[PDB]
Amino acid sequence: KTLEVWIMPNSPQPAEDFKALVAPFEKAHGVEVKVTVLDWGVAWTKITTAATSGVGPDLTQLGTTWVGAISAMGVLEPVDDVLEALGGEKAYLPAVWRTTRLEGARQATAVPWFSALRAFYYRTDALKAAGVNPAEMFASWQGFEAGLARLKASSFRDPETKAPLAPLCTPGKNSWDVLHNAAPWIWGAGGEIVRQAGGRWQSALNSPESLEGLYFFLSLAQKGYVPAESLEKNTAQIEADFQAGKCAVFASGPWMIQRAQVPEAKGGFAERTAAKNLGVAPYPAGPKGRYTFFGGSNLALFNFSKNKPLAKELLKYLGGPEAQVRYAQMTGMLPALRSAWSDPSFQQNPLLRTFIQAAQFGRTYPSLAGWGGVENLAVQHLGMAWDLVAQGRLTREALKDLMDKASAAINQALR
């Protein structure tokens, strides 16, 4: 008696980690869980083919931003029942709960599995040497920029590189997460990517507030705070640069905390100066709010499964306390289930405690069926803004004309 699950590579040994996660469930139910690991390069197309053909697994992982699109194809089983048995809506952050359904939909089609959230890592030694107080650097945007000006002026050299640290490392346009990097700034200025008006969704990227947050973020790169080399690279490469002592400050997820403990030999950075001088702070309070970008993944049940009762039991298991703590450990993510945040594995680690403070500002995109195309069209136009930054040519006026073009393309795709 077997269940099939599709996952993406969430942990260092994806298949082995997941088989170890579900071993107590297999024992309690006398069943085998078969897991297939889908590379992020192919997971979407594969899940899409499963949806159209009626051929696929019992359960699939979905990126949180995938929920709307797959739910709208009519192929996912309602899991309102699973979510109630896990404690219902108030068992989750509002931003995580929004990812359980197509936006506006009556029934839940996905169970929260784990959360990817971004906070700022910083070199405690570099801020010390630049005379930057971390509380002030991360309390306002003015403080954030004043902090980067002291880090730019600083004579601090990394003990290993014997070279200056870049004040801020961030990707520009050559990364999968272009929109995610900008989102906190758009939100913090009081804006948003999409808005409801006359009862339908429209681009809000050209709103006054959205443009202010975007220009604030992008102009940091234009003022000398971000290396030109950062703008050509992806998030993984920027991670590597921070580990190798080239960056004072950069946004990433909780997984860096585990990597700081792992030898270079085994793909961690324990021996690097950065590992022993690691601070974390949430994104700084904006003038019109304070927001932490949430992503990560949920689990869903194809309505063609012949094993819905056992699959729902496995959804309750994976979504529930013990597996929530266990898989967060394996993946270096935060549990989707808020009760799992009190586990000693989190509470005994001050860096994880800071990620839990960052979690209270949690915000996600609305779960639109057409979210992919909105994000893709946004990212096309943000990329052109990053090109202007790279030349020192981004003005507020030039940013507005690109986001007006973005907004016309987005509105047509939504209309």
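We number the residues from 1 along the sequence you see.
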| property | result |
| --- | --- |
| 17 to 25 set against 388 to 396, stretch whose average Cα temperature factor tops the other in the entry | 388 to 396 |
| Entry-level comparison of average CA B-factors, 35 to 43 and 53 to 61, reporting the higher stretch | 35 to 43 |
| Top residue by Cα temperature factor, when 273, 324, 174, 71 are compared in the entry | 273 |
| Among 312, 106, 290, 180 - the residue whose C-alpha B-factor is largest in the record | 106 |
| B-factor third for the C-alpha atom of residue 132 within its chain | highest |
| Cα B factor band for residue 266 (lowest, middle or highest third within the chain) | highest |
| Where the record places residue 158 (Cα B-factor, split into thirds across the chain) | highest |
| Residue 117 - which third its CA temperature factor falls in, relative to the rest of the chain | lowest |
| Ranked against its chain, the third holding the CA B-factor of residue 188 | lowest |
